[PDB]
Number of protein chains: 2
Amino acid sequence: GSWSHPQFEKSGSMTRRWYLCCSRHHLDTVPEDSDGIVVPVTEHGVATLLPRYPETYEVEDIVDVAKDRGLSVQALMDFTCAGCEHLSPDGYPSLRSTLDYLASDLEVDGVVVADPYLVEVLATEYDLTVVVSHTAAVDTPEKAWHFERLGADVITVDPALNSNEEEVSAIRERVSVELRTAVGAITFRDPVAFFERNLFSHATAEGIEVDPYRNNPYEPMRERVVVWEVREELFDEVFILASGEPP
Amino acid sequence: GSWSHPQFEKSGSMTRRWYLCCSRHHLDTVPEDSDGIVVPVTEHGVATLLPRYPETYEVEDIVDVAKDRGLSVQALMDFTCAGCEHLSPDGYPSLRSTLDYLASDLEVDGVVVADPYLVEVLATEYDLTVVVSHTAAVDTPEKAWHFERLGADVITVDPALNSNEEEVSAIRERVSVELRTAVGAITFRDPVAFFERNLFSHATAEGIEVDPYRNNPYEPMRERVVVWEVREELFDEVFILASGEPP
Ligand SMILES: [Zn+2]
């Protein structure tokens, strides 16, 4: 009620499940009972290594239909490098313009980021869920604590910790944020992932194609260290990247 | 001799010591018995975080005088990100032009790099010492083995290992390269170093100034995790970054 209309009314720890969605068609495969989807906002910079990245008109279609189906929506904007953007006076207005787009145009519920500066700006100036991506390689209590202090609401651990009770427990002892695990994700223990994710961060942001067989120098270098196993009971949230056939 | 001039003539495990040199004046403080200096080649991209970076005309002066004094010389070109350079057809010729400059104009003895692609090109096409920088964050036998396979001659461990006999030993069991330790360097365990080194990699390469008090967003975030302690007996080479007052 209200002060002139008095009213008396009377009357969450299940694992929350998020699915990557890279296309309008991919959305149809998300399980009906899922809590939300994570959608790459390609042109703003994505470090996560994917089979395909949606164009802006696709993102907007995905988000509309997902909300119709009652799914929460997070934007994946987890670039690990933005070049010299932060050094120019234009950098801050450009960043705020991008976050306004996410918050007020797309109207996402949260944002999955890696860059500590974005964590800080999002937490300070917006009212979105701030999720630290696994591409930030948070693998220690110390790293988790600093991301919490900058304003993270949720921290995705590096996938190397996905079955590690001792190390996840050490992080829980230190921070109060929710912890997420990414399934089908590459661990920073991979010898070249750091560099390859920097490359895709720029490719997506700048609209420069990366073709696995033509111009990615990291593609022939190794078998990527993907982590498929997980102990879900250690985590508050599960984020499924690869669910089946690639989009 | 030679086949027509027959000749009979008759008749190294001490720790090798390298010093960072950021200016012509800094060179005068290098100990006389040092094995070599490491000089940032700023305009080609440096991730190591320094008080000052020499301009190209300074680099050439430093290298000349260092050779006069019988010091070996390595170029520090350890950027962790080159943006989209590798994606364009121009990228490979640009890279070879840069390495030709190091090999044939400056005539350095070696190059300290982070990018796995540069390791591979340097080892395949040139006859320089290929040193993996501590900014590549090699902290495991697995990571060391992949950099060796790509062609590293020397691997600088992540500074978190500088006093860790067990972990350095595990790396030695796996690889045959020389191992270097960096003293006065930041460990990748630092919560934001990854991102800050990406930023400086671009700033130096692109000639965009970074002022600690005006436009580095990572500067106010934390006390950097610098490693000062070392167990030199674990390493083949010692690289001193900070020797005294900053250049
Ligand atoms: Zn970059």
# chains A, B, ... in the order shown; residues from 1 in each chain; ligands from 1

$ interface_residues --of "chain B" --to "chain A" --cutoff "10 Å" --atoms "only C-alpha atoms" --output "PyMOL selection string"
chain B and resi 80-89+91+114-117+120+136-140+142-147+149-150+189-192+194-204+206-211+214-218+221-222

$ closest_residue --among "B:129, B:152, B:45, B:167" --to "ligand 1" --atoms "only C-alpha atoms and all ligand atoms"
B:45

$ select_by_dssp --residues "range 173-223 of chain B" --states "helix (DSSP H, G or I)" --output "list in words"
residues 173, 174, 193, 194, 195, 196, 197, 198, 199, 200, 201, 202, 203, 204, 205, 206, 219, 220 and 221 of chain B

$ closest_residue --among "A:18, A:53, A:239, A:79" --to "ligand 1" --atoms "only C-alpha atoms and all ligand atoms"
A:79

$ select_by_dssp --residues "range 185-246 of chain A" --states "strand (DSSP E)" --output "PDB file with C-alpha atoms, in the first residue's frame"
ATOM      1  CA  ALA A 185      35.754 -22.749 -21.386  1.00  0.00           C
ATOM      2  CA  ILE A 186      39.510 -22.485 -21.804  1.00  0.00           C
ATOM      3  CA  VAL A 226      39.227 -26.695 -22.531  1.00  0.00           C
ATOM      4  CA  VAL A 227      37.739 -27.693 -19.175  1.00  0.00           C
ATOM      5  CA  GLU A 237      25.942 -20.259 -10.892  1.00  0.00           C
ATOM      6  CA  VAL A 238      26.771 -22.470 -13.863  1.00  0.00           C
ATOM      7  CA  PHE A 239      27.462 -20.926 -17.259  1.00  0.00           C
ATOM      8  CA  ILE A 240      27.311 -23.339 -20.187  1.00  0.00           C
TER       9      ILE A 240
END

$ residues_around --residues "range 66-78 of chain B" --least-positions-apart "3" --cutoff "7 Å" --atoms "only C-alpha atoms" --output "list in words"
residues 35, 36, 37, 38, 39, 40, 41, 44, 45, 46, 47, 48, 62, 63, 108, 109, 110, 111, 112, 113, 114, 133 and 135 of chain B

$ write_last_selection --atoms "C-alpha atoms" --output "compact mmCIF listing (two decimals), in the first residue's frame"
# COMPACT_ATOMS: atom_id res chain seq x y z
CA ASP B 35 77.20 -9.66 -19.07
CA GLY B 36 74.71 -7.48 -20.91
CA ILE B 37 72.02 -4.84 -20.92
CA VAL B 38 68.33 -5.03 -21.86
CA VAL B 39 67.09 -1.91 -23.64
CA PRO B 40 63.40 -1.17 -24.35
CA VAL B 41 62.67 -0.62 -28.02
CA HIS B 44 57.80 -1.46 -31.19
CA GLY B 45 55.80 -2.26 -28.03
CA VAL B 46 56.90 -2.86 -24.44
CA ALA B 47 54.68 -4.42 -21.73
CA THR B 48 57.17 -4.15 -18.87
CA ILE B 62 72.69 3.27 -25.69
CA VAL B 63 73.45 0.30 -27.92
CA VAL B 108 71.30 -6.68 -30.96
CA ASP B 109 72.39 -10.09 -29.68
CA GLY B 110 68.90 -11.14 -28.59
CA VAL B 111 65.30 -10.08 -28.15
CA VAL B 112 63.07 -10.33 -25.07
CA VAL B 113 59.49 -10.95 -26.20
CA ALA B 114 56.19 -12.24 -24.86
CA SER B 133 59.86 -12.14 -21.05
CA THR B 135 55.43 -10.57 -18.99

$ residues_around --residues "residue 126 in chain A" --least-positions-apart "5" --cutoff "9 Å" --atoms "only C-alpha atoms" --output "number ranges by chain"
A: 99-100, 103, 121

$ write_last_selection --atoms "N, CA and C atoms" --output "compact mmCIF listing (two decimals), in the first residue's frame"
# COMPACT_ATOMS: atom_id res chain seq x y z
N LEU A 99 27.87 1.56 -22.19
CA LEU A 99 27.11 1.01 -21.07
C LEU A 99 25.67 1.52 -21.08
N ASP A 100 25.43 2.76 -21.51
CA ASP A 100 24.06 3.23 -21.67
C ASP A 100 23.30 2.37 -22.66
N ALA A 103 22.45 -0.79 -20.80
CA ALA A 103 21.54 -0.61 -19.67
C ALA A 103 20.17 -0.13 -20.11
N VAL A 121 33.52 1.07 -13.22
CA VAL A 121 32.56 2.03 -13.76
C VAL A 121 31.15 1.46 -13.70

$ closest_residue --among "A:219, A:225, A:205, A:235" --to "ligand 1" --atoms "only C-alpha atoms and all ligand atoms"
A:205
